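J.: need a 3D model of the sequence below.
(one chain, ligands or ions: 1)
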Amino acid sequence: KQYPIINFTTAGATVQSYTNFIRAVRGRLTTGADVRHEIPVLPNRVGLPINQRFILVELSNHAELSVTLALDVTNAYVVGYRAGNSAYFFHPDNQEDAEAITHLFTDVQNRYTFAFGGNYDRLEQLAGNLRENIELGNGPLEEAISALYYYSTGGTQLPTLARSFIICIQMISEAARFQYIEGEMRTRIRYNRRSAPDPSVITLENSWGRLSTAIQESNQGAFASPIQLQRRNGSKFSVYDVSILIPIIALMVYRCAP
Ligand SMILES: Nc1nc2nc(C(=O)NCc3ccco3)cnc2c(=O)[nH]1
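T.: Numbers count the residues shown, from 1 in each chain. Dropping the coordinates below:
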């Protein structure tokens, strides 16, 4: 017995198989017994035992390649992955984090830490493309699984590896964080399209920590100051209250209760 594993395959994927997956991911990220204003909070990192810190997400595609992402339950971040006999980790932000990841993928023959960190800014630079120009859907996802798998063999240039991370992160972590983003992926899957996320998706992604804070500091759901988001067409609008976000955000990073 070792960290909980959730499986998804792109082979034959449907909106139901993808929804089932994202639902199970959420269920492993949190027990759900800390909820504020109806929105679940992930476990506080302060004092969480290592043995509860991570979840694994096994990704397969029609080429029958498989990779396994490791996600930090405290924030749903993808911290690294394993493909066959190697495992690779983003460069950690602190020594505590560096220490935690020593506990993942312990039986793998080859382990490495990238010199670069895993935030979108760094990955975009590495990919040489912005999330607004990187396509999402089942096609991109199956392609990103192969790219990640092939990375040890030397088959995959770094820019492509970084694009593939940006895809996985959005289709897995962001979809888990936001029902809105899950729905965005369901739509691409339903119509078998691939398309870049629009400003509504990108600004929600960028605002996740800020939303977690606003809702958690709110006066019974009313934000202490407004949060600006973006519509599909890039126009700015303001959110004042948690009520509107209940069908949009599914999970928040822990902040202490005011
Ligand atoms: N590896 C990884 N990287 C991630 N990077 C981001 C990301 O940059 N967010 C933008 C941001 C705004 C403020 C601070 O930061 C989000 N999720 C993830 C994530 O879930 N896994």
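J.: near the ligand, which residues of this structure?
T.: Neighbours of the ligand within the chain, by Cβ under 6 Å from any ligand atom: 76, 77, 78, 90, 118, 119, 120, 169, 173, 205, 206, 209. Backbone N, C-alpha and C define where each C-beta goes, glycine included.
J.: among these, which pair sits farthest apart?
T.: Largest separation among the residues of the chain next to the ligand by Cβ to Cβ: 90 and 206, giving 18.7 Å.
J.: secondary structure class for residue 71?
T.: Following DSSP: H, G, I helix; E, B strand; the rest coil, residue 71 is assigned to strand.
J.: oh, I was asking about residue 40
T.: Here residue 40 is strand, with the state taken from three-state DSSP.
J.: can you count the residues close to it?
T.: Around residue 40 there are 17 other residues, counting by other Cβ atoms under 10 Å.
J.: which residues does it form a beta bridge with?
T.: Beta-bridge partners recorded for residue 40 (DSSP bridges): residue 35.
J.: hang on, it packs against residue 250?
T.: Yes. With contacts counted by Cβ atoms under 8 Å, residue 40 reaches residue 250, the gap being 7.0 Å.
J.: gap between the nearest residue to residue 25 once chain neighbours are set aside and residue 208?
T.: Among residues not flanking residue 25 along the chain, residue 176 sits closest, at 4.8 Å (Cβ to Cβ, 6 or more residues apart in numbering). Between residue 176 and residue 208 the computed distance is 11 Å (Cβ to Cβ, to the nearest Å).
J.: of these two, which one has the most company?
T.: Using other Cβ under 10 Å, the more surrounded residue of residue 176 and residue 208 is residue 176, with 26 against 20.
J.: following element in sequence after the helix or strand that contains residue 82, please.
T.: Assessed by DSSP states H and E, residue 82 sits inside strand 78-83. Per DSSP H and E, strand 78-83 leads on to strand 86-89 as the next helix or strand towards the C-terminus.
J.: hang on, the earlier thing: neighbour count winner among residue 90 and residue 206?
T.: Taking neighbours as other Cβ under 10 Å, residue 90 and residue 206 compare with residue 90 leading, 22 against 14.
J.: check contacts around the more buried one.
T.: Counting by Cβ atoms under 8 Å, 6 or more residues apart in numbering, residue 90 makes contact with 78, 79, 80, 113, 114, 116, 117, 118.
J.: let me see the domain layout of the chain.
T.: The chain breaks down into these domains under curated CATH domains: 1-176, 177-258.
J.: so who does residue 105 touch?
T.: By Cβ under 8 Å, 6+ apart, the contact set of residue 105 is 68, 70, 80, 82, 87, 111.
J.: what's around residue 199, how many residues?
T.: Neighbour count of residue 199, defined by other Cβ under 10 Å: 17.
J.: which one's the longest helix in this protein?
T.: For the chain, the helix that runs over the most residues, judged by DSSP state H, is helix 15-29.
J.: what's that one packed up against?
T.: Judged by 3 or more Cβ pairs under 8 Å, 6 or more residues apart in numbering; DSSP states H and E, the packing partners of helix 15-29 are strand 5-9, strand 54-60, helix 175-177, helix 179-190.
J.: if we can go back for a sec, and for residue 40 and residue 250, which residues touch both?
T.: residue 26.
J.: show me how far stretch 204-212 is from its chain's centre.
T.: In terms of Cα atoms, centre = their mean, to the nearest Å, the centre of stretch 204-212 is set 13 Å apart from its chain centre.
J.: what does that stretch contact?
T.: Outside stretch 204-212, the residues within contact range by Cβ under 8 Å, 6+ apart are 41, 120, 131, 170, 174, 177-178, 180-181, 197, 227, 229, 245, 248-249, 252-255.
J.: ok, stretch 239-246 next?
T.: With contacts defined as Cβ under 8 Å, 6+ apart, stretch 239-246 is touched by 37-39, 211, 215, 218, 221-223, 226-229.
J.: fine, thanks again, bye for now.
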